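As a convention, Cβ positions derive from the backbone with ideal geometry for all residues, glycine included, and neighbour counts pool all protein chains shown. What follows draws every value from the coordinates through simple rules; no lab data is involved.
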Amino acid sequence: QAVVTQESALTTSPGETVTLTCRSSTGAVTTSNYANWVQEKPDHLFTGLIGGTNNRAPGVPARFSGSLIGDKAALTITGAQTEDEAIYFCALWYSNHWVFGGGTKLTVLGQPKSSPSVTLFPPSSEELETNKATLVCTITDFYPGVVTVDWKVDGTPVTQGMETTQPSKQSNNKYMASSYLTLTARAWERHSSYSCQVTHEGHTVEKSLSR
Amino acid sequence: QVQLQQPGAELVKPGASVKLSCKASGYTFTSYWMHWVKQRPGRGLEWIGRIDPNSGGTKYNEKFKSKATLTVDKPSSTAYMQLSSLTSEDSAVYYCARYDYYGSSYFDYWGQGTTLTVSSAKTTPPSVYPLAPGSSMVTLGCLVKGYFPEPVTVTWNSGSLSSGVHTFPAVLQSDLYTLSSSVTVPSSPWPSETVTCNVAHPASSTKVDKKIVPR
C-alpha cells in the first residue's frame with residue numbers, strides 16, 4: 001500500500017559520477033525506511049550493496065555509497081565502471097513489509113552506442129493454413145540495451161496481442177529482443193497495414209509490412 | 001563462503017502445490033532472517049514475507065498471506081516456502097535472501113532463484129515456420145512455435161552459418177513456448193544459395209529442417 005519509484009534507465013560513461021534515486025509515494029523517505037539497494041547482473045545474479053540507508057554490504061566497492069537526498073533515498077556510484085552496468089533495485093521498509101522499486105537499468109558505455117537493426121516478417125503461409133498469423137519483429141545489435149516496441153495495426157496502436165521479450169545480451173555485448181503480434185488467420189486478412197516501431201536512444205525506427 | 005542454495009527449476013501442474021527449498025551454509029543460520037522474493041521477469045521484485053529461524057515466526061505481504069507458507073528446519077539449516085493452488089500465473093523466479101537483522105540491515109546474500117513453471121502441457125514438439133522477408137544484406141529467421149518443454153536448439157545450414165545468428169529467448173504463451181531465430185546473410189547468397197534452419201527438440205526427440213524460400 002506504498003509505491004517505490006525509480007528512474008527507468010540511466011546511461012553514463014566509465015569514470016563518471018551517477019546518482020540513482022528511490023521515491024516513496026507516501027512521503028519523504030527517512031532513516032526508518034532503511035533504504036536497501038540491490039544489484040541484479042545477468043543470470044539472475046543478486047547481491048546487496050547498501051542497507052539501512054548507508055551501510056555498504058561487505059565486499060562492495062567503495063565507489064558505492066547511499067544517502068538521503070531531499071525526500072528520497074539515493075545511491076551514488078563515484079567513478080562508475082563498465083562492470084557496474086546492471087539493474088539496481090531499491091527497497092523501502094514500511095513498519096511491517098518491504099516494497100521494492102521497479103529497478104533502474106544502468107548502462108556504463110563500454111563501447112559506442114549502436115542503433116537497433118529491426119526486421120518485421122509477415123505470417124508465413126503454412127501458418128495461415130492453421131488459421132493463425134504471427135508478425136515477428138526482431139531487433140538486434142542495439143546498445144544501450146533498452147528499447148520500446150510499439151505495434152500499429154492499420155494506423156491504430158495495437159495494445160493486446162503483443163509480447164516483447166526482455167533485452168538479452170549478445171556476444172559482442174550489444175543486445176537483442178523480438179516482439180510478437182499474434183492475430184488470427186482472419187484478423188490477419190481484415191486489417192491491411194502492420195508496423196513495428198522501435199524507439200532507441202531517442203531515434204525511432206518503424207518497419208511496416210503491406211499485405 | 002556464504003551460500004544460499006536453491007534448486008534451479010521446478011515444473012508443477014496447475015492446482016497443486018510446491019515446496020521450494022533454500023539451504024544455507026557458511027554462516028550461523030540463526031543470526032539472520034530469511035526473506036523470499038518473487039521475480040516476474042519484466043516486472044520488479046515483490047517481497048513475499050520473512051521467517052526468523054530462531055522462533056519460526058513469520059510476517060507476510062498481505063498479498064501472499066494465502067498463497068505462500070514459510071517454514072524452517074533449523075537442524076538442516078534450510079528455509080522452505082510452499083505455494084498452494086498454483087496456476088500459470090505463479091510461474092516466475094522465487095529467490096531466498098538473507099537479511100542482516102541484528103547488524104546493518106541489508107539483503108547481502110541471495111540464492112539463485114528457482115524458476116517455477118506451472119503448466120498443464122506434455123512434451124510437445126515445435127512447429128517450425130519459415131520467415132522470408134516481404135520486399136546488401138537480408139535477414140531470414142525461423143519461428144519455432146508451441147513446443148514444450150524447454151529447450152530447443154536452432155542451427156543455420158547445419159552449423160556452417162554461425163555469424164550473424166541471433167536466437168531469441170522463448171516466451172510462455174498458453175502453457176507453450178515460442179521462440180524464433182534469425183540470420184543475416186549477404187544479398188547474393190540468398191535466395192541464390194539455400195538457407196535452411198534446423199530445429200532440434202530433445203524432450204520430444206524431434207529434428208526438423210526447414211528451407212527459407214522467398215514468399
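Give me the dipole magnitude in Debye, nearest 20, for the protein assembly as shown about the Cα centre, with unit charges on the beta carbon: positive for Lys and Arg, negative for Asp and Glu.
The calculation lands at about 540 debye.
Using unit Cβ charges (K, R positive; D, E negative) and no other charged atoms, how large, in debye to the nearest 20, is the dipole of chain A about its Cα centre? Kindly include the intermediate steps, with their values, before the conclusion.
Values: 15 positive and 18 negative charges, 55 e Å.
With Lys and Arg at +1 and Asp and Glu at -1, about 260 debye.
Would you kindly derive the ³J(HN,Hα) couplings of the range A:66-74 from the backbone phi angles with the Karplus curve 6.51 cos²θ - 1.76 cosθ + 1.60 (θ = phi - 60°), listing them in order in whole Hz, with x for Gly and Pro?
The phi angles translate into x, 5, 10, 10, x, 9, 9, 8, 10 Hz.
Counting partner chain Cβ atoms within 10 Å of every residue's Cβ in A:171-180, what's the average? Don't skip to the end; give the middle numbers.
Working: counts 0, 0, 0, 0, 0, 5, 3, 12, 2, 7.
Per residue, the number of nearby Cβ atoms from other chains is 3 on average.
Under 5 Å between amide H atoms, partner at least 5 residues away or on a different chain: which partners does B:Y106 have, H built in plane at 1.01 Å?
For B:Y106, the qualifying residues are B:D100.
Based solely on its DSSP helices, what 222 nm [θ] is calculated for chain A when runs of n ≥ 4 H residues each add -39,500 (n - 2.57) and the sum is averaged over all residues, nearest 500 deg cm²/dmol? Spell out each step's value before the answer.
Details: 2 runs with 10 residues, N = 211.
-1000 deg cm²/dmol, from helical runs alone.
Once you have the Cα-Cα distance between A:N96 and A:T82, take 0.36 nm times their residue separation minus that, and quote the gain in nm to one decimal.
Values: separation 14, 0.36 × 14 = 5.04 nm, distance 3.69 nm.
My answer for the length gained is 1.4 nm.
Quick query: amide H of A:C22 versus all other amide H atoms, modeled in the peptide plane; which residues come in under 5 Å with a sequence gap of 5 or more or a different chain?
Residues meeting the amide H criterion: A:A73.
Give me the number: length gained by fully extending A:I69 to A:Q111, i.e. 0.36 nm times residue separation minus the C-alpha to C-alpha distance, one decimal in nm.
On the way: separation 42, 0.36 × 42 = 15.12 nm, distance 3.14 nm.
Stretched out fully, the A:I69 to A:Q111 stretch lengthens by 12.0 nm.
With a ≥ b ≥ c taken as the square roots of the eigenvalues of the C-alpha gyration tensor of the range A:62-143, please select rounded if a/c is under 1.5 and otherwise prolate if a/b is larger than b/c or oblate if it is not?
Numbers: a/c = 5.13, a/b = 1.89, b/c = 2.71.
In terms of gyration-tensor shape, oblate.
Along each of its three principal axes, how wide is the spread of alpha-carbon positions in the range A:1-110, in whole angstrom units, largest first?
40, 27, 23
Report, in listed order, any pair from A:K72/B:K63; A:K174/B:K211; A:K72/B:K23; A:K41/B:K19; A:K105/B:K13; A:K132/A:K207 with a Cα-Cα distance greater than 24 Å.
From A:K72/B:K63; A:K174/B:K211; A:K72/B:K23; A:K41/B:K19; A:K105/B:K13; A:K132/A:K207, over 24 Å: A:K72/B:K63; A:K174/B:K211; A:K72/B:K23; A:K41/B:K19; A:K105/B:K13.
What residue among B:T71, A:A187, A:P61 has its Cα farthest toward the positive end of the dipole of the protein assembly as shown, where the charges are +1 on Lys, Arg and -1 on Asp, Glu, each on the Cβ?
B:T71
Normalised by the empirical 2.2 N^0.38 Å for globular proteins, what value does the Cα Rg of chain A take?
On the way: Rg = 20.9 Å, N = 211, 2.2 N^0.38 = 16.8 Å.
The reported ratio for this selection is 1.24.
For A:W151, enumerate residues with amide H under 5 Å from its amide H, sequence gap 5+ or separate chain, H modeled in the peptide plane.
Close amide H contacts, sequence-distant or interchain: A:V158, A:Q197.
Multiplying the sequence separation of A:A185 and A:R211 by 0.36 nm and subtracting their Cα-Cα distance, what value in nm do you get?
Net length gain for the segment: 8.1 nm.
Whole-Hz Karplus ³J(HN,Hα) for the range A:202-211, in order, using 6.51 cos²θ - 1.76 cosθ + 1.60 and θ = phi - 60°, x for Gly and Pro?
Values per residue, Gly and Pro as x: x, 8, 10, 9, 10, 10, 10, 10, 9, 5 Hz.
Taking the alpha-carbon centroid of each part, what is the distance from the range B:177-215 to the range A:126-164 in angstrom?
With the range B:177-215 and the range A:126-164 each reduced to a Cα centre, they are spaced 20 Å.
Within 10 Å of each Cβ in B:44-57, how many Cβ atoms from other chains are there, averaged over the peptide? The partial results should precede the final answer.
On the way: counts 11, 11, 3, 6, 2, 2, 2, 0, 0, 0, 0, 0, 0, 0.
Shielding by partners across B:44-57 averages 3.
Under a Cβ-only charge scheme (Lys and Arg +1, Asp and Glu -1), can you give me the dipole magnitude of the range A:126-211 about the Cα centre, in debye to the nearest 20?
60
In whole percent, what relative contact order does the range A:1-110 give with Cα contacts below 8 Å and a gap of six or more residues?
Working: 278 pairs, mean separation 41.5, N = 110.
That works out to 38 percent.
With each pseudo-label sitting 7 Å past Cα toward Cβ, what's the A:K169-A:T5 distance in nm, one decimal?
3.0
Work out from phi, with θ = phi - 60° and the Karplus expression 6.51 cos²θ - 1.76 cosθ + 1.60, the ³J(HN,Hα) of each residue of the range A:172-182, listed in order in whole Hz, and give x for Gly and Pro.
5, 5, 9, 10, 8, 5, 9, 10, 10, 10, 9
Of B:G15, A:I50, A:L135, which is farthest on the positive side of the dipole of the protein assembly as shown, counting Cα position, with +1 on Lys and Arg Cβ, -1 on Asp and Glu Cβ, and the Cα centre as origin?
Comparing the listed Cα positions along the dipole, B:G15 ranks first.
For chain B, what is the percent of antiparallel DSSP beta bridges, rounded to the nearest 5?
Details: 68 of 73 bridges.
The antiparallel fraction comes to roughly 95 percent.
Report the one residue of A:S208, A:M162, A:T30 whose Cα lies farthest in the direction of the positive end of the charge dipole of chain A (charges on C-beta: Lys and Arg +1, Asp and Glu -1; origin at the Cα centre).
A:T30
Measuring from the lowest to the highest alpha carbon on each principal axis, how far does the protein assembly as shown reach, largest first, in angstroms?
Result, largest extent first: 69, 49, 41 Å.
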